[PDB]
Amino acid sequence: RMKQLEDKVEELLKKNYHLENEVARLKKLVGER
Amino acid sequence: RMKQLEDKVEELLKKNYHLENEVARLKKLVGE
């Protein structure tokens with residue numbers, strides 16, 4: 001279970017980083033409009 | 001440490017949902 005929980009933290013951190021990248025991209029578009 | 005890791009998953013999930021909501025709203029704003 002400890003390894004599974006560690007893996008899930010790592011998974012969510014990567015999902016979150018993807019979303020942060022999307023938010024940056026969209027904020028750039030917002031600025032341009 | 002099991003419990004502390006569970007708490008971290010929970011914090012990262014709430015953050016995930018916050019960012020998902022933010023992406024959706026920014027997308028609707030810009031017509032994507």
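Per chain, numbering begins at 1; letters A, B, ... match sequence-line order. We use all heavy atoms of the structure for the numbers below, so side chains are in, but hydrogens, waters and symmetry mates are not.
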#### Entry: Salt-bridge contact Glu32(B)-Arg25(A) (side-chain N to carboxylate O under 4.0 Å)
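Result for this pair is yes, salt bridge flagged.
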
### Query
Do NZ/NE/NH1/NH2 and the carboxylate oxygens of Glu6(A) and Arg1(B) come within less than 4.0 Å?
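Counted as a salt bridge, because a side-chain N and a carboxylate O are separated by less than 4.0 Å.
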
### Task
Could you check if a side-chain atom of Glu22(B) sits within less than 4.5 angstrom of a side-chain atom of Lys27(A), using non-hydrogen atoms only?
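Side-chain contact under 4.5 Å: yes.
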
## Note on the structure
What one should report as the nearest heavy-atom pair of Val9(A) and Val9(B) is CG2-CG2, 3.6 Å

### Query
Could you state the interatomic distance from CG (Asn16(A)) to CD (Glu11(B)), rounded to the nearest 0.5 Å?
10.0 Å

### Query
Quick one: side-chain contact (heavy atoms from CB on, under 4.5 Å) partners of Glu32(A), sequence neighbours excluded?
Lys28(A), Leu29(A)

